[PDB]
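To find a chain, count down the sequence lines: A is the first, B the second, and so on, and within it residues start at 1. Computed over heavy atoms, backbone and side chain alike; hydrogens, waters and symmetry mates excluded.
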Amino acid sequence: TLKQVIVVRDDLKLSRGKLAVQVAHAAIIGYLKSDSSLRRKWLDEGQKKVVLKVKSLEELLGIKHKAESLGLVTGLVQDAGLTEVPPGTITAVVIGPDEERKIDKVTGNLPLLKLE
Amino acid sequence: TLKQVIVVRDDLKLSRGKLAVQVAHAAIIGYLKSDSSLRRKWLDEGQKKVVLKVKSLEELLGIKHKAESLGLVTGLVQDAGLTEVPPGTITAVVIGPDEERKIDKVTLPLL
């Protein structure tokens with residue numbers, strides 16, 4: 001089973017609508033950086049995703065590092081459209097799509113991002 | 001400037017964390033259905049997006065109808081993995097990316 005994991009920071013003064021935008025950026029970035037075969041199988045399986053959150057940049061990057069150490073494809077989200085944060089600000093990280101069991105070893109215990 | 005719009009429904013109550021998932025699904029769907037050249041430029045511009053919410057399914061489909069009348073690419077989001085709701089349930093609609101001047105026209109009360 002394949003899955004794409006998106007992790008966003010909540011420690012930024014971003015509204016629910018702005019966070020949702022960052023989630024959408026992450027989804028696309030992850031798809032674009034993934035293998036053609038992998039992402040095709042992902043789409044056919046329903047492009048499963050889980051969106052989680054962290055409370056700091058260090059925790060966000062810690063997750064990214066761990067995923068990269070395992071060999072997973074990662075992506076960073078830096079939105080120049082955000083005018084209240086300094087340039088280069090990292091709002092989220094994407095992992096996969098890839099094998100769910102492998103990605104879960106990294107983010108299997110993180111809380112869900114609740115925009116509802 | 002190019003932009004992609006994603007609209008969700010507040011008359012649809014989803015489980016914890018599911019809303020963010022549907023939004024991500026919409027982004028992908030819109031990207032895939034869009035013109036290769038147009039989306040490429042969109043990405044280079046910073047893949048600008050806006051996420052909105054409407055009253056219910058009727059307003060959501062109304063936006064889809066209006067966008068289609070303007071020649072904008074639209075997509076419906078139906079998540080088979082969302083067993084919490086009946087199959088075929090429309091969770092969102094994605095429009096674009098396309099010229100923000102055109103899509104801004106398709107954008108009734110919001111949120």
Side-chain angles (χ1 to χ4, degrees), chain A residues 4-31 47-55 60 75-85 89-95 107 110-116, chain B residues 2-32 42-43 45-57 59-60 63-64 67 74-79 81-82 89-97 100 103-104 106-107 109-111:
Chain A
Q4 182 186 61
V5 177
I6 295 167
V7 188
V8 189
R9 290 171 59 184
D10 77 344
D11 67 311
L12 298 166
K13 307 300 188 177
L14 266 52
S15 64
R16 290 184 180 298
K18 297 187 186 304
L19 290 174
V21 167
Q22 304 309 299
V23 173
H25 287 156
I28 290 175
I29 290 170
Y31 174 86
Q47 59 180 303
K48 191 182 186 298
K49 301 175 187 63
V50 63
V51 189
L52 312 167
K53 70 164 195 170
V54 288
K55 311 193 75 64
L60 183 66
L76 277 177
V77 175
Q78 289 172 290
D79 190 351
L82 296 175
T83 51
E84 295 306 332
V85 299
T89 297
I90 302 169
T91 63
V93 172
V94 57
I95 299 171
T107 58
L110 300 175
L112 301 160
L113 175 66
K114 293 165 274 59
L115 299 178
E116 55 278 322
Chain B
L2 302 179
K3 185 172 62 187
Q4 183 186 62
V5 177
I6 295 171
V7 193
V8 295
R9 308 161 47 190
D10 72 298
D11 67 342
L12 181 59
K13 301 303 178 299
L14 259 36
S15 297
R16 305 158 64 69
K18 299 301 182 178
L19 187 155
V21 173
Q22 304 308 301
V23 171
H25 285 160
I28 296 292
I29 291 172
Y31 174 87
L32 294 173
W42 176 61
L43 285 167
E45 292 180 3
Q47 61 175 320
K48 186 179 182 179
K49 306 173 184 54
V50 65
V51 177
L52 309 171
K53 186 171 66 174
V54 286
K55 175 193 176 183
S56 69
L57 184 60
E59 288 74 15
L60 185 66
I63 296 174
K64 175 174 177 289
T74 66
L76 288 176
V77 179
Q78 295 169 301
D79 195 350
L82 205 57
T89 295
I90 300 173
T91 67
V93 176
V94 59
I95 300 176
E100 67 168 357
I103 307 183
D104 271 350
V106 186
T107 307
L110 304 178
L111 228 295

Problem set entry | For A:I6 against A:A26, the heavy-atom pair lying closest together | CG2-CB, 3.6 Å
Problem set entry | Gap separating the CZ atom of A:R9 from the OG1 atom of A:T91, nearest 0.5 angstrom | 8.0 Å
For this session: Might you point out which heavy atoms bring B:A67 and B:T74 nearest each other, and give the distance in Å?
Result: CB-CG2, 3.5 Å
Exercise. Are B:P97 and B:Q47 side-chain neighbours, meaning at least one heavy-atom pair lies under 4.5 Å?
Worked result: no
Seminar exercise, completed: Scanning both residues in full, the closest heavy-atom pair of A:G75 with A:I29 reads CA-CG2, 4.1 Å
Exercise. With side chains defined as the heavy atoms from C-beta onward, is the minimum distance between B:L52 and B:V54 less than 4.5 Å?
Worked result: no
For this session: Answer yes when B:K48 and B:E100 have at least one side-chain N-carboxylate O distance shorter than 4.0 Å, and no when they do not.
Result: yes
For this session: Output yes when A:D10 and A:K55 qualify as a salt bridge under the 4.0 Å nitrogen-oxygen rule, no when they do not.
Result: yes
Exercise. So, for B:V23 and A:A20, which heavy atoms are closest and what is the spacing to 0.1 Å?
Worked result: CG1-O, 3.6 Å
Exercise. Any side-chain heavy atom of B:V93 within less than 4.5 Å of one from B:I63?
Worked result: no
For this session: Give a yes or no answer on whether the side chain of B:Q22 reaches the backbone of B:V77 with a donor-acceptor pair at less than 3.5 Å.
Result: no
Exercise. Quick one: NZ on B:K53 to CD on B:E59, what's the gap to the nearest 0.5 Å?
Worked result: 12.5 Å
Exercise. Given the rule in the side chain to side chain contact (heavy atoms under 4.5 Å, CB included) test, do A:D79 and A:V21 qualify, once you have shown the distances and angles that lead to the verdict?
Worked result: CA-CA 9 Å; A:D79 190 351; A:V21 167; 4.2 Å; yes
Exercise. Can you name the salt bridge (charged side-chain N to carboxylate O under 4.0 Å, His left out) partners of A:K49, sequence neighbours left out?
Worked result: none
Problem set entry | Minimum heavy-atom distance between B:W42 and B:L2, given as atom pair plus value | N-CD1, 3.6 Å
For this session: Taking A:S15 for its side chain and A:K18 for its backbone only, find out whether a donor-acceptor pair lies under 3.5 Å.
Result: yes
Exercise. Do A:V7 and A:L60 touch side chain to side chain, with heavy atoms closer than 4.5 Å?
Worked result: yes
Exercise. Which distance, rounded to the nearest 0.5 Å, do you find between the CG of B:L76 and the CD1 of B:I90?
Worked result: 4.5 Å
Exercise. Looking at side-chain heavy atoms only, is the closest gap between B:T89 and B:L82 below 4.5 Å?
Worked result: no
Exercise. Just by modelled atom types, is the A:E116 backbone N or O under 3.5 Å from a matching donor or acceptor in the B:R16 side chain?
Worked result: no
